[PDB]
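Colleague: My file is target.txt. It has compact mmCIF, C-alpha atoms and all ligand atoms:
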```txt
# COMPACT_ATOMS: atom_id res chain seq x y z
CA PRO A 46 3.24 -17.95 -144.59
CA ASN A 47 0.73 -19.53 -146.96
CA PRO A 48 1.94 -19.10 -150.58
CA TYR A 49 -1.71 -19.13 -151.75
CA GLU A 50 -3.25 -16.52 -149.43
CA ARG A 51 -4.71 -13.57 -151.34
CA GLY A 52 -6.43 -10.42 -150.15
CA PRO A 53 -6.54 -8.83 -146.70
CA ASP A 54 -7.59 -10.61 -143.52
CA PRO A 55 -11.30 -11.43 -143.91
CA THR A 56 -14.24 -10.56 -141.71
CA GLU A 57 -17.84 -11.70 -141.86
CA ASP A 58 -18.57 -8.34 -143.50
CA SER A 59 -15.94 -8.95 -146.20
CA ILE A 60 -17.25 -12.39 -147.16
CA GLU A 61 -20.79 -10.98 -147.25
CA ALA A 62 -19.85 -7.97 -149.38
CA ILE A 63 -21.10 -8.02 -152.96
CA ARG A 64 -17.68 -6.88 -154.23
CA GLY A 65 -14.36 -8.24 -153.02
CA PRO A 66 -11.00 -6.46 -152.97
CA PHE A 67 -9.95 -7.54 -156.49
CA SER A 68 -11.01 -5.77 -159.66
CA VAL A 69 -12.41 -8.24 -162.19
CA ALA A 70 -12.03 -8.58 -165.95
CA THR A 71 -14.02 -10.97 -168.13
CA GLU A 72 -13.48 -12.96 -171.31
CA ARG A 73 -15.88 -14.85 -173.57
CA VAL A 74 -15.03 -18.43 -174.56
CA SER A 75 -16.65 -19.70 -177.75
CA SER A 76 -19.27 -22.44 -177.47
CA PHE A 77 -17.32 -24.41 -180.09
CA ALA A 78 -14.64 -25.17 -177.50
CA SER A 79 -13.78 -28.84 -177.21
CA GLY A 80 -15.66 -30.80 -174.57
CA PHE A 81 -18.15 -28.14 -173.45
CA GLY A 82 -20.32 -25.33 -174.75
CA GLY A 83 -18.11 -22.36 -173.97
CA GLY A 84 -18.66 -19.84 -171.24
CA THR A 85 -17.30 -16.71 -169.58
CA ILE A 86 -14.07 -16.46 -167.57
CA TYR A 87 -14.02 -14.04 -164.63
CA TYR A 88 -10.46 -13.38 -163.50
CA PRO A 89 -8.85 -10.85 -161.14
CA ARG A 90 -6.90 -8.04 -162.76
CA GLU A 91 -4.23 -7.71 -160.07
CA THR A 92 -1.22 -10.01 -160.41
CA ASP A 93 1.39 -8.90 -157.82
CA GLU A 94 0.08 -11.28 -155.13
CA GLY A 95 0.46 -14.47 -157.19
CA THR A 96 -1.54 -16.78 -159.40
CA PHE A 97 -5.06 -17.78 -158.37
CA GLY A 98 -7.08 -20.96 -158.27
CA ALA A 99 -10.05 -21.54 -160.54
CA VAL A 100 -13.58 -22.91 -160.23
CA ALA A 101 -15.84 -23.97 -163.11
CA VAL A 102 -19.55 -23.36 -162.54
CA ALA A 103 -22.16 -25.52 -164.31
CA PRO A 104 -25.85 -24.68 -164.78
CA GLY A 105 -28.88 -26.89 -164.24
CA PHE A 106 -31.16 -28.77 -166.61
CA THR A 107 -32.11 -26.60 -169.63
CA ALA A 108 -30.32 -23.62 -168.02
CA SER A 109 -27.48 -21.50 -169.38
CA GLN A 110 -24.56 -19.65 -167.79
CA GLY A 111 -26.83 -16.65 -167.21
CA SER A 112 -28.48 -18.51 -164.33
CA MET A 113 -25.05 -18.67 -162.64
CA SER A 114 -23.72 -15.30 -163.81
CA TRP A 115 -23.86 -13.57 -160.42
CA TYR A 116 -21.22 -15.96 -159.06
CA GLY A 117 -18.76 -14.50 -161.59
CA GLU A 118 -18.02 -11.03 -160.24
CA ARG A 119 -19.04 -12.08 -156.71
CA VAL A 120 -16.51 -14.89 -156.27
CA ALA A 121 -13.77 -13.69 -158.63
CA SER A 122 -13.52 -10.33 -156.84
CA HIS A 123 -12.39 -12.23 -153.73
CA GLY A 124 -9.39 -13.72 -155.55
CA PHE A 125 -10.49 -16.54 -157.85
CA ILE A 126 -10.90 -17.41 -161.51
CA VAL A 127 -14.55 -18.22 -162.26
CA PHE A 128 -15.66 -20.08 -165.39
CA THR A 129 -19.45 -20.03 -165.82
CA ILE A 130 -19.95 -22.53 -168.64
CA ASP A 131 -22.74 -23.60 -170.94
CA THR A 132 -23.32 -27.27 -171.62
CA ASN A 133 -23.07 -28.86 -175.06
CA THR A 134 -26.86 -29.19 -175.08
CA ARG A 135 -29.39 -27.83 -172.62
CA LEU A 136 -30.68 -31.38 -172.03
CA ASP A 137 -27.39 -32.81 -170.73
CA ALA A 138 -27.53 -35.23 -167.80
CA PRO A 139 -25.44 -34.92 -164.60
CA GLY A 140 -22.85 -37.42 -165.85
CA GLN A 141 -22.31 -35.37 -169.01
CA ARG A 142 -22.17 -32.13 -167.01
CA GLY A 143 -19.37 -33.57 -164.89
CA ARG A 144 -17.30 -34.32 -167.98
CA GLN A 145 -17.84 -30.82 -169.35
CA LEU A 146 -16.85 -29.26 -166.02
CA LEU A 147 -13.53 -31.08 -166.39
CA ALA A 148 -13.30 -30.09 -170.06
CA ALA A 149 -13.78 -26.48 -168.96
CA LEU A 150 -10.96 -26.78 -166.42
CA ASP A 151 -8.75 -28.44 -169.03
CA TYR A 152 -9.41 -25.51 -171.37
CA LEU A 153 -8.18 -23.16 -168.62
CA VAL A 154 -5.01 -25.21 -168.12
CA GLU A 155 -4.20 -26.24 -171.69
CA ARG A 156 -5.75 -23.81 -174.20
CA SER A 157 -6.63 -20.57 -172.41
CA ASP A 158 -5.55 -17.04 -173.31
CA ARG A 159 -2.26 -15.69 -171.97
CA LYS A 160 -4.22 -13.15 -169.91
CA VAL A 161 -5.93 -16.08 -168.19
CA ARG A 162 -3.07 -18.60 -168.26
CA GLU A 163 -0.59 -16.24 -166.58
CA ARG A 164 -2.98 -15.76 -163.63
CA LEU A 165 -3.88 -19.45 -163.22
CA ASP A 166 -2.38 -21.97 -160.82
CA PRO A 167 -3.22 -25.18 -162.73
CA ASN A 168 -2.75 -27.38 -159.63
CA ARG A 169 -5.61 -25.78 -157.63
CA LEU A 170 -8.96 -26.32 -159.38
CA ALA A 171 -12.54 -26.68 -158.16
CA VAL A 172 -16.06 -27.31 -159.46
CA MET A 173 -19.48 -25.92 -158.60
CA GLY A 174 -22.89 -26.66 -160.08
CA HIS A 175 -26.60 -26.03 -159.69
CA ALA A 176 -29.05 -28.95 -159.47
CA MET A 177 -28.14 -31.26 -162.38
CA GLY A 178 -24.93 -29.26 -162.55
CA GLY A 179 -24.61 -30.02 -158.84
CA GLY A 180 -24.91 -33.70 -159.69
CA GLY A 181 -22.21 -33.14 -162.28
CA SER A 182 -20.12 -31.48 -159.58
CA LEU A 183 -20.25 -34.73 -157.61
CA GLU A 184 -19.55 -36.60 -160.85
CA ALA A 185 -16.51 -34.44 -161.61
CA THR A 186 -14.87 -35.31 -158.28
CA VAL A 187 -15.23 -39.05 -158.87
CA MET A 188 -13.86 -38.55 -162.38
CA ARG A 189 -11.02 -36.35 -161.08
CA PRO A 190 -10.13 -36.86 -157.40
CA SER A 191 -7.28 -34.33 -157.72
CA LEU A 192 -9.80 -31.47 -157.53
CA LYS A 193 -9.47 -29.23 -154.48
CA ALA A 194 -13.12 -28.35 -153.79
CA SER A 195 -16.68 -29.13 -154.88
CA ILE A 196 -19.91 -27.21 -154.23
CA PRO A 197 -23.16 -28.87 -155.42
CA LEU A 198 -25.93 -26.26 -155.23
CA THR A 199 -29.36 -27.83 -154.59
CA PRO A 200 -28.00 -30.90 -156.39
CA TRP A 201 -30.04 -33.38 -158.40
CA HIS A 202 -28.78 -36.88 -159.18
CA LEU A 203 -30.24 -40.37 -159.49
CA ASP A 204 -27.18 -41.96 -157.84
CA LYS A 205 -27.38 -41.45 -154.07
CA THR A 206 -24.08 -43.08 -153.03
CA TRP A 207 -20.85 -41.06 -153.03
CA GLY A 208 -18.66 -42.94 -150.57
CA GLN A 209 -15.64 -42.77 -152.89
CA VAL A 210 -15.50 -38.96 -153.18
CA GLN A 211 -12.09 -37.70 -152.03
CA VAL A 212 -12.65 -33.98 -152.73
CA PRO A 213 -13.93 -31.58 -150.02
CA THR A 214 -17.63 -31.25 -150.85
CA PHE A 215 -19.97 -28.46 -149.67
CA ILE A 216 -23.62 -29.31 -150.37
CA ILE A 217 -26.22 -26.52 -150.19
CA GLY A 218 -29.88 -27.51 -150.08
CA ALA A 219 -33.14 -25.59 -150.23
CA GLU A 220 -35.62 -26.54 -147.51
CA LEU A 221 -38.73 -26.23 -149.70
CA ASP A 222 -37.06 -27.71 -152.80
CA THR A 223 -39.60 -29.95 -154.54
CA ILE A 224 -37.66 -30.51 -157.78
CA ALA A 225 -34.53 -31.77 -155.97
CA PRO A 226 -35.93 -32.54 -152.51
CA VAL A 227 -33.22 -32.45 -149.86
CA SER A 228 -34.75 -35.54 -148.23
CA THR A 229 -34.07 -37.60 -151.37
CA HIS A 230 -31.14 -35.70 -152.93
CA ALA A 231 -29.03 -33.20 -150.98
CA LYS A 232 -29.09 -34.99 -147.62
CA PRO A 233 -28.58 -38.54 -149.01
CA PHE A 234 -25.60 -37.23 -151.00
CA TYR A 235 -24.00 -35.67 -147.92
CA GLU A 236 -24.60 -38.64 -145.62
CA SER A 237 -23.17 -41.01 -148.23
CA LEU A 238 -19.99 -38.94 -148.49
CA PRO A 239 -17.13 -40.47 -146.47
CA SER A 240 -17.37 -39.72 -142.76
CA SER A 241 -13.73 -38.59 -142.88
CA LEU A 242 -14.20 -36.31 -145.89
CA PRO A 243 -14.00 -32.57 -145.17
CA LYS A 244 -17.67 -31.93 -145.90
CA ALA A 245 -20.56 -29.66 -144.96
CA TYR A 246 -24.30 -29.42 -145.61
CA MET A 247 -26.13 -26.09 -145.39
CA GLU A 248 -29.92 -26.00 -145.74
CA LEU A 249 -31.44 -22.59 -146.48
CA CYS A 250 -34.68 -21.72 -144.69
CA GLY A 251 -37.74 -21.52 -146.93
CA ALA A 252 -35.66 -21.55 -150.11
CA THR A 253 -36.78 -23.07 -153.40
CA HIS A 254 -35.02 -24.96 -156.18
CA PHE A 255 -33.85 -21.87 -158.09
CA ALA A 256 -32.55 -19.89 -155.10
CA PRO A 257 -28.89 -20.40 -156.20
CA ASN A 258 -29.74 -18.58 -159.46
CA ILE A 259 -30.13 -15.13 -157.85
CA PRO A 260 -27.79 -13.22 -155.51
CA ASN A 261 -27.83 -14.76 -152.03
CA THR A 262 -25.59 -13.44 -149.27
CA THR A 263 -25.77 -16.68 -147.27
CA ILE A 264 -24.72 -18.69 -150.33
CA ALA A 265 -22.06 -16.13 -151.23
CA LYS A 266 -20.39 -15.83 -147.83
CA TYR A 267 -19.84 -19.58 -147.36
CA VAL A 268 -19.12 -20.48 -150.99
CA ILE A 269 -16.27 -17.96 -150.77
CA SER A 270 -15.11 -19.37 -147.42
CA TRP A 271 -15.17 -22.95 -148.73
CA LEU A 272 -13.13 -22.05 -151.81
CA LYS A 273 -10.66 -20.04 -149.73
CA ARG A 274 -10.16 -22.84 -147.20
CA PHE A 275 -9.60 -25.69 -149.67
CA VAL A 276 -8.46 -24.11 -152.94
CA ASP A 277 -6.12 -21.61 -151.24
CA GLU A 278 -5.41 -23.64 -148.06
CA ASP A 279 -6.34 -20.33 -146.42
CA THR A 280 -6.99 -21.13 -142.76
CA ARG A 281 -7.94 -17.48 -142.19
CA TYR A 282 -11.41 -18.57 -143.38
CA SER A 283 -11.75 -21.55 -141.01
CA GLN A 284 -13.40 -19.19 -138.51
CA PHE A 285 -16.43 -18.92 -140.81
CA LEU A 286 -16.78 -22.68 -141.38
CA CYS A 287 -15.94 -24.20 -137.96
CA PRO A 288 -17.85 -24.35 -135.72
CA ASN A 289 -21.00 -24.67 -137.82
CA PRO A 290 -22.48 -21.32 -138.94
CA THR A 291 -25.49 -20.04 -137.01
CA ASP A 292 -27.05 -17.78 -139.65
CA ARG A 293 -30.78 -17.16 -139.34
CA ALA A 294 -31.14 -18.03 -143.04
CA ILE A 295 -29.69 -21.49 -142.29
CA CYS A 296 -32.29 -24.04 -141.20
CA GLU A 297 -29.80 -26.89 -140.74
CA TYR A 298 -26.03 -27.28 -140.90
CA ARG A 299 -23.93 -30.45 -140.68
CA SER A 300 -20.16 -30.73 -140.97
CA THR A 301 -17.08 -32.79 -140.12
CA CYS A 302 -15.31 -29.93 -138.34
CA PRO A 303 -12.51 -29.45 -137.63
CA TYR A 304 -10.90 -29.58 -141.08
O1 LIG A 401 -37.47 -33.17 -163.51
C1 LIG A 401 -36.30 -33.40 -163.17
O2 LIG A 401 -35.92 -34.57 -162.94
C2 LIG A 401 -35.40 -32.35 -163.05
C3 LIG A 401 -35.82 -31.05 -163.27
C4 LIG A 401 -34.92 -29.99 -163.15
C5 LIG A 401 -33.60 -30.24 -162.80
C6 LIG A 401 -32.70 -29.19 -162.69
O3 LIG A 401 -31.52 -29.33 -163.00
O4 LIG A 401 -33.22 -28.02 -162.21
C7 LIG A 401 -32.37 -26.90 -162.49
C8 LIG A 401 -32.75 -26.26 -163.82
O5 LIG A 401 -32.47 -24.86 -163.78
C9 LIG A 401 -33.18 -31.54 -162.58
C10 LIG A 401 -34.07 -32.60 -162.70
N LIG A 402 -28.89 -24.05 -138.03
```
Go ahead and express the file in the form of structure tokens.
Modeller:
Amino acid sequence: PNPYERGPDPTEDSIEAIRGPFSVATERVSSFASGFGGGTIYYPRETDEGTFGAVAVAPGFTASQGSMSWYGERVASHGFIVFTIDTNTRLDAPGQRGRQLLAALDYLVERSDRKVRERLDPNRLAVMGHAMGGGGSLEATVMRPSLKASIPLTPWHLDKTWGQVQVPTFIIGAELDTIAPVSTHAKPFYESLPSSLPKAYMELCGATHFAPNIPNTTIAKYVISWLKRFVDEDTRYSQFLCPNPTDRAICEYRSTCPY
């Protein structure tokens, strides 16, 4: 029995559903928090199944947490703590956004409310980011290799080599992305990840740079599965990740299955 498994046995319908089995409560964190510009914590109300893991979600260049708000109720209702954060300034670079993703996770572990702290397993943390926040997601794993998962969403970064990343990384790219072209960003990041790293690359057909900013079932179903598999060690979700998904919305998928 996995001590981290939460919720009933999943199906493809359950991971695609807009609402998971857990009721969600929210809390506002002031932007004057140390190390980052505040945000909103989405946590499950139910507590009788055990403490949950947490993921901090970073926005892109000049964007706020509102561009990532739909991940809050979507992911947290499946049994996770979600921290959609704002950066110190809207002009922050990927390297700075990686530091503030860690500062957001440290706030959850060290200085969070007792409603949040009681529901948090501080040993199982993850990061997720959009574009420049996706570059900061890669940065956060190099800065903290003890992280359990990492999901760069249409990532943007000047550094193309990530052969020292030790955290399971799930890169999602948009085929028609011209701001962070997958040929020069998303794919070079994935191919430079260690060949032995538990990694995956999902390219969405005909998607643009800001597709992760609105509800997307294809993004939602496999972001949930990736967090479940590596933050919860929940092998009940390995069926959705290995072998490679065959969704019509996916134009290309690469992975190092089995995990
Ligand atoms: O012009 C760029 O280099 C550049 C432009 C935009 C971004 C970015 O993070 O897009 C997401 C904003 O919501 C990254 C780099
Ligand atoms: N595919």
Colleague: Restricting the calculation to only C-alpha atoms, which member of A:300, A:261, A:253, A:289 is positioned closest to residue 239 in chain A?
Modeller: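 Nearest to residue 239 in chain A: A:300.
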Colleague: Rounded to one decimal place, report the CA of residue 166 in chain A-CA of residue 68 in chain A distance in Å.
Modeller: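 Taking CA of residue 166 in chain A as the start and CA of residue 68 in chain A as the end point, the length is 18.4 Å.
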Colleague: With a distance cut-off of 10 Å and all atoms listed in the file, select the neighbouring residues of residue 114 in chain A, excluding the residue or stretch itself and same-chain residues fewer than 5 positions from it, and output the selection as a PyMOL selection string.
Modeller: chain A and resi 85+87+102+104+109+119+127-130+258-260
Colleague: Could you please extract the residues within 8 Å of ligand LIG 401 (chain A), counting only C-alpha atoms and all ligand atoms, and hand them back as a ChimeraX atom specification?
Modeller: /A:104-108,112,175-178,200-202,224-225,254-255
Colleague: Please identify the residues whose atoms come within 6 Å of ligand LIG 402 (chain A), using all atoms listed in the file, and report them as a ChimeraX atom specification.
Modeller: /A:291,295-298
Colleague: When you count only C-alpha atoms, which of these residues is closest to residue 235 in chain A: A:86, A:265, A:256, A:183?
Modeller: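 Looking only at the distances to residue 235 in chain A, the closest residue turns out to be A:183.
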Colleague: Just how far from CA of residue 184 in chain A is CA of residue 120 in chain A, in Å to one decimal?
Modeller: 22.4 Å
Colleague: Can you tell me which residues surround residue 197 in chain A at a distance of at most 7 Å, considering only C-alpha atoms, apart from same-chain residues fewer than 2 positions away, and format the answer as a VMD selection string?
Modeller: chain A and resid 173 to 175 179 to 180 182 to 183 195 199 to 200 215 to 217
Colleague: Keeping C-alpha atoms, export the residues of the selection given above as a PDB file, in the coordinates of the input.
Modeller:
```
ATOM      1  CA  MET A 173     -19.480 -25.920-158.600  1.00  0.00           C
ATOM      2  CA  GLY A 174     -22.890 -26.660-160.080  1.00  0.00           C
ATOM      3  CA  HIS A 175     -26.600 -26.030-159.690  1.00  0.00           C
ATOM      4  CA  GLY A 179     -24.610 -30.020-158.840  1.00  0.00           C
ATOM      5  CA  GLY A 180     -24.910 -33.700-159.690  1.00  0.00           C
ATOM      6  CA  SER A 182     -20.120 -31.480-159.580  1.00  0.00           C
ATOM      7  CA  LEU A 183     -20.250 -34.730-157.610  1.00  0.00           C
ATOM      8  CA  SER A 195     -16.680 -29.130-154.880  1.00  0.00           C
ATOM      9  CA  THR A 199     -29.360 -27.830-154.590  1.00  0.00           C
ATOM     10  CA  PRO A 200     -28.000 -30.900-156.390  1.00  0.00           C
ATOM     11  CA  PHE A 215     -19.970 -28.460-149.670  1.00  0.00           C
ATOM     12  CA  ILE A 216     -23.620 -29.310-150.370  1.00  0.00           C
ATOM     13  CA  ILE A 217     -26.220 -26.520-150.190  1.00  0.00           C
TER      14      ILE A 217
END
```
Colleague: Select, from A:232, A:156, A:293, A:123, the residue with the minimum atom-to-atom distance to residue 250 in chain A, counting only C-alpha atoms.
Modeller: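 Of the candidates, the smallest distance to residue 250 in chain A is held by A:293.
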Colleague: Would you mind writing range 234-254 of chain A with N, CA, C and O atoms, as a PDB file, in the coordinates of the input?
Modeller:
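Saved the output as part31.pdb:
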```pdb
ATOM      1  N   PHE A 234     -26.943 -37.407-150.449  1.00  0.00           N
ATOM      2  CA  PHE A 234     -25.600 -37.230-151.000  1.00  0.00           C
ATOM      3  C   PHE A 234     -24.594 -36.953-149.898  1.00  0.00           C
ATOM      4  O   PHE A 234     -23.519 -37.562-149.856  1.00  0.00           O
ATOM      5  N   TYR A 235     -24.932 -36.042-148.982  1.00  0.00           N
ATOM      6  CA  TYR A 235     -24.000 -35.670-147.920  1.00  0.00           C
ATOM      7  C   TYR A 235     -23.728 -36.835-146.983  1.00  0.00           C
ATOM      8  O   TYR A 235     -22.574 -37.102-146.626  1.00  0.00           O
ATOM      9  N   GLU A 236     -24.781 -37.540-146.564  1.00  0.00           N
ATOM     10  CA  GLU A 236     -24.600 -38.640-145.620  1.00  0.00           C
ATOM     11  C   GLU A 236     -23.857 -39.808-146.247  1.00  0.00           C
ATOM     12  O   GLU A 236     -23.235 -40.597-145.528  1.00  0.00           O
ATOM     13  N   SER A 237     -23.907 -39.943-147.572  1.00  0.00           N
ATOM     14  CA  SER A 237     -23.170 -41.010-148.230  1.00  0.00           C
ATOM     15  C   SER A 237     -21.721 -40.630-148.502  1.00  0.00           C
ATOM     16  O   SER A 237     -20.915 -41.513-148.814  1.00  0.00           O
ATOM     17  N   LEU A 238     -21.383 -39.348-148.407  1.00  0.00           N
ATOM     18  CA  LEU A 238     -19.990 -38.940-148.490  1.00  0.00           C
ATOM     19  C   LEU A 238     -19.212 -39.571-147.336  1.00  0.00           C
ATOM     20  O   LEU A 238     -19.775 -39.835-146.268  1.00  0.00           O
ATOM     21  N   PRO A 239     -17.922 -39.837-147.531  1.00  0.00           N
ATOM     22  CA  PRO A 239     -17.130 -40.470-146.470  1.00  0.00           C
ATOM     23  C   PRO A 239     -17.178 -39.662-145.183  1.00  0.00           C
ATOM     24  O   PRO A 239     -17.108 -38.432-145.198  1.00  0.00           O
ATOM     25  N   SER A 240     -17.308 -40.375-144.062  1.00  0.00           N
ATOM     26  CA  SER A 240     -17.370 -39.720-142.760  1.00  0.00           C
ATOM     27  C   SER A 240     -16.115 -38.919-142.464  1.00  0.00           C
ATOM     28  O   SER A 240     -16.168 -37.964-141.682  1.00  0.00           O
ATOM     29  N   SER A 241     -14.992 -39.283-143.073  1.00  0.00           N
ATOM     30  CA  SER A 241     -13.730 -38.590-142.880  1.00  0.00           C
ATOM     31  C   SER A 241     -13.485 -37.501-143.913  1.00  0.00           C
ATOM     32  O   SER A 241     -12.474 -36.798-143.824  1.00  0.00           O
ATOM     33  N   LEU A 242     -14.375 -37.349-144.885  1.00  0.00           N
ATOM     34  CA  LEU A 242     -14.200 -36.310-145.890  1.00  0.00           C
ATOM     35  C   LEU A 242     -14.479 -34.942-145.275  1.00  0.00           C
ATOM     36  O   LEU A 242     -15.429 -34.787-144.501  1.00  0.00           O
ATOM     37  N   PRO A 243     -13.657 -33.934-145.577  1.00  0.00           N
ATOM     38  CA  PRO A 243     -14.000 -32.570-145.170  1.00  0.00           C
ATOM     39  C   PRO A 243     -15.242 -32.084-145.894  1.00  0.00           C
ATOM     40  O   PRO A 243     -15.162 -31.645-147.045  1.00  0.00           O
ATOM     41  N   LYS A 244     -16.398 -32.167-145.237  1.00  0.00           N
ATOM     42  CA  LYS A 244     -17.670 -31.930-145.900  1.00  0.00           C
ATOM     43  C   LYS A 244     -18.572 -31.076-145.024  1.00  0.00           C
ATOM     44  O   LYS A 244     -18.369 -30.958-143.813  1.00  0.00           O
ATOM     45  N   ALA A 245     -19.581 -30.480-145.658  1.00  0.00           N
ATOM     46  CA  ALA A 245     -20.560 -29.660-144.960  1.00  0.00           C
ATOM     47  C   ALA A 245     -21.863 -29.665-145.742  1.00  0.00           C
ATOM     48  O   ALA A 245     -21.869 -29.818-146.967  1.00  0.00           O
ATOM     49  N   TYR A 246     -22.970 -29.505-145.020  1.00  0.00           N
ATOM     50  CA  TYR A 246     -24.300 -29.420-145.610  1.00  0.00           C
ATOM     51  C   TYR A 246     -25.024 -28.232-145.000  1.00  0.00           C
ATOM     52  O   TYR A 246     -25.215 -28.185-143.782  1.00  0.00           O
ATOM     53  N   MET A 247     -25.423 -27.279-145.838  1.00  0.00           N
ATOM     54  CA  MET A 247     -26.130 -26.090-145.390  1.00  0.00           C
ATOM     55  C   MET A 247     -27.499 -26.050-146.057  1.00  0.00           C
ATOM     56  O   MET A 247     -27.593 -25.994-147.288  1.00  0.00           O
ATOM     57  N   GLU A 248     -28.550 -26.079-145.246  1.00  0.00           N
ATOM     58  CA  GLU A 248     -29.920 -26.000-145.740  1.00  0.00           C
ATOM     59  C   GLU A 248     -30.462 -24.598-145.490  1.00  0.00           C
ATOM     60  O   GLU A 248     -30.442 -24.109-144.355  1.00  0.00           O
ATOM     61  N   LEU A 249     -30.944 -23.959-146.552  1.00  0.00           N
ATOM     62  CA  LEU A 249     -31.440 -22.590-146.480  1.00  0.00           C
ATOM     63  C   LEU A 249     -32.926 -22.591-146.134  1.00  0.00           C
ATOM     64  O   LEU A 249     -33.715 -23.311-146.757  1.00  0.00           O
ATOM     65  N   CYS A 250     -33.299 -21.781-145.143  1.00  0.00           N
ATOM     66  CA  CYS A 250     -34.680 -21.720-144.690  1.00  0.00           C
ATOM     67  C   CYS A 250     -35.601 -21.223-145.804  1.00  0.00           C
ATOM     68  O   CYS A 250     -35.329 -20.199-146.438  1.00  0.00           O
ATOM     69  N   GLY A 251     -36.692 -21.952-146.032  1.00  0.00           N
ATOM     70  CA  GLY A 251     -37.740 -21.520-146.930  1.00  0.00           C
ATOM     71  C   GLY A 251     -37.331 -21.292-148.374  1.00  0.00           C
ATOM     72  O   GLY A 251     -38.088 -20.697-149.147  1.00  0.00           O
ATOM     73  N   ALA A 252     -36.144 -21.758-148.752  1.00  0.00           N
ATOM     74  CA  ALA A 252     -35.660 -21.550-150.110  1.00  0.00           C
ATOM     75  C   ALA A 252     -36.261 -22.573-151.063  1.00  0.00           C
ATOM     76  O   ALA A 252     -36.721 -23.645-150.663  1.00  0.00           O
ATOM     77  N   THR A 253     -36.256 -22.224-152.344  1.00  0.00           N
ATOM     78  CA  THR A 253     -36.780 -23.070-153.400  1.00  0.00           C
ATOM     79  C   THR A 253     -35.640 -23.547-154.298  1.00  0.00           C
ATOM     80  O   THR A 253     -34.465 -23.251-154.063  1.00  0.00           O
ATOM     81  N   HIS A 254     -36.008 -24.280-155.350  1.00  0.00           N
ATOM     82  CA  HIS A 254     -35.020 -24.960-156.180  1.00  0.00           C
ATOM     83  C   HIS A 254     -34.105 -23.989-156.916  1.00  0.00           C
ATOM     84  O   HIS A 254     -32.935 -24.307-157.157  1.00  0.00           O
TER      85      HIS A 254
END
```
